[PDB]
Amino acid sequence: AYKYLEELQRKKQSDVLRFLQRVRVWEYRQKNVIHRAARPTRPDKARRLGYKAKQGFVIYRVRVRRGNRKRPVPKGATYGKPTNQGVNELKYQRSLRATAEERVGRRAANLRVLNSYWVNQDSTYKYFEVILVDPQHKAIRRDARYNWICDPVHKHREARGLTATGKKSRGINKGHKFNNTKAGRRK
RNA sequence: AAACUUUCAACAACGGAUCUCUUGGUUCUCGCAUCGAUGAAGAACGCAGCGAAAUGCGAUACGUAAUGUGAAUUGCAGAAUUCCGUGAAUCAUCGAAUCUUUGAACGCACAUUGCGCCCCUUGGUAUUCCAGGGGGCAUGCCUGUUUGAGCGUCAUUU
Numbered sequence: 003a004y005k006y007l008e009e010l011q012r013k014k015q016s017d018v019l020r021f022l023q024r025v026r027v028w029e030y031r032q033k034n035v036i037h038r039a040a041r042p043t044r045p046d047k048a049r050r051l052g053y054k055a056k057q058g059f060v061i062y063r064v065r066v067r068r069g070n071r072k073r074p075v076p077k078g079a080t081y082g083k084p085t086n087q088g089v090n091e092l093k094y095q096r097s098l099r100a101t102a103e104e105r106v107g108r109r110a111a112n113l114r115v116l117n118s119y120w121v122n123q124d125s126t127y128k129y130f131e132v133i134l135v136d137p138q139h140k141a142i143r144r145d146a147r148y149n150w151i152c153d154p155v156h157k158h159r160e161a162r163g164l165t166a167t168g169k170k171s172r173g174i175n176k177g178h179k180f181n182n183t184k185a186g187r188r189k
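Residues in the first sequence are numbered from 3 upward in steps of one, following the entry's author numbering.
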């Protein structure tokens with residue numbers, strides 16, 4: 003079964019994928035910033051990423067906000083070149099869904115987060131859904147086929163960068179790049 | 001001629017330089033992995049027979065316990081009354097304790113020591129009012145437990 007689902011949600015828009023994404027988003031949208039877990043929306047390629055299984059269960063949902071970069075201030079200003087001068091249209095190196103992963107963390111790091119999956123997109127957001135495993139918990143480290151997440155440092159890192167999209171938005175390359183730095187370098 | 005004034009003598013005198021001093025500092029190198037909701041870092045306020053502070057400590061207050069050292073004095077011998085062959089204030093001690101009022105600060109507050117609610121036990125003696133000692137009531141999430149919610153929705157003998 004898992005396979006059908008996977009390669010099924012692989013065809014977006016498309017009759018079902020759409021007439022579904024619509025009801026859902028029309029739902030989801032309305033339910034508090036982040037609105038922690040229910041029972042795992044799309045379980046398909048969720049396993050690809052250590053699915054639901056953690057810890058016993060726990061996968062929360064969050065609506066990040068869409069768009070570009072809110073350059074604060076009102077001004078400039080600061081000379082401008084090399085703007086500086088520029089404001090309205092800086093673009094966020096962050097990683098839209100990344101932000102999601104972080105806030106989710108905050109909204110409760112009684113757990114630690116294994117990875118985050120997309121789900122839908124308005125013109126006023128981007129509906130991402132994150133996973134967990136409650137290390138400070140049960141089988142999590144007991145039936146620990148996975149105590150990885152449990153050990154000392156590998157935790158809360160749901161935003162020290164060492165996550166996945168950050169790992170990606172940085173340097174998981176190898177060759178043709180200056181992407182393990184740090185470095186800087188070189189003095 | 002002195003006074004005065006300059007000048008150089010010696011003696012004092014202002015001053016604290018030079019010399020030598022070093023329980024600091026400064027930079028080196030080599031081991032080592034530890035804070036806190038089991039209440040941390042920080043803050044007050046206090047605690048010696050005699051103490052202001054630096055220091056240590058918390059109403060068991062320059063200290064309790066426990067060890068070995070000790071073997072003999074500490075706050076070492078400031079004074080002082082001081083007390084000792086049953087082990088004195090010192091080191092180590094963190095296989096014990098005490099750890100006020102606080103601070104991530106926590107029942108609500110907090111320019112105040114102000115204001116509530118439970119539970120246990122004492123006086124007034126009818127539980128329901130007033131006073132005494134003991135124990136307690138933050139938040140976000142995790143997981144189970146335990147009650148109830150909708151025209152989410154299933155099935156039942158009506």
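Where is the CB? At the ideal position from N, CA and C, for every residue including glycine.
Same chain, Cβ closer than 6 Å to residue i, neighbours up to 5 away in sequence not counted
| i | result |
| --- | --- |
| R114 | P137, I151 and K157 |
| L51 | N117 |
| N86 | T80 |
| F21 | none |
Continuous alpha helix (DSSP H) stretch holding residue i: start and end
| i | result |
| --- | --- |
| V106 | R99 to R108 |
| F21 | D17 to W28 |
| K170 | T167 to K170 |
| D46 | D46 to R50 |
C-beta atoms of residue i and residue j nearer than 7 Å
| i | j | result |
| --- | --- | --- |
| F130 | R99 | yes |
| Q11 | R63 | no |
| residue 2 | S97 | Any answer about residue 2 is impossible in this case: the structure gives the chain only from 3 up to 189. |
| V132 | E103 | yes |
| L19 | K13 | yes |
| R68 | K128 | yes |
| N122 | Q23 | yes |
In DSSP terms, what residue i is bridged to
| i | result |
| --- | --- |
| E8 | DSSP lists no partner for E8. |
| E131 | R63 and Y119 |
| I151 | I151 pairs with nothing; no bridge assigned. |
| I36 | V64 |
Cβ-heavy atom distance, residue i to the ligand NAP, below 6 Å
| i | result |
| --- | --- |
| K184 | This structure simply doesn't include the ligand NAP, nor any ligand for that matter. |
Cβ-based neighbour list, residue i, same chain, cut-off 8 Å, excluding 5 preceding and 5 following
| i | result |
| --- | --- |
| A161 | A100, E103, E104, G107 and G168 |
| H139 | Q57, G58 and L113 |
| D124 | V27, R31 and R68 |
| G82 | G88 |
Own chain residues within Cβ distance below 7 Å of residue i, not counting five before or after
| i | result |
| --- | --- |
| residue 2 | For the chain, the structure presents residues 3 to 189; residue 2 sits outside this window and is missing. |
| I61 | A39, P42, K54, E131, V132, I133 and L134 |
| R172 | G163 and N181 |
| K179 | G173 |
> Is it true that the segment 52-61 meets the segment 24-36, where meeting means three or more beta-carbon pairs spaced less than 8 Å apart?
Replying inline: no
>> With three or more C-beta pairs closer than 8 Å as the rule, is the segment 68-81 touching the segment 91-105?
In response: yes
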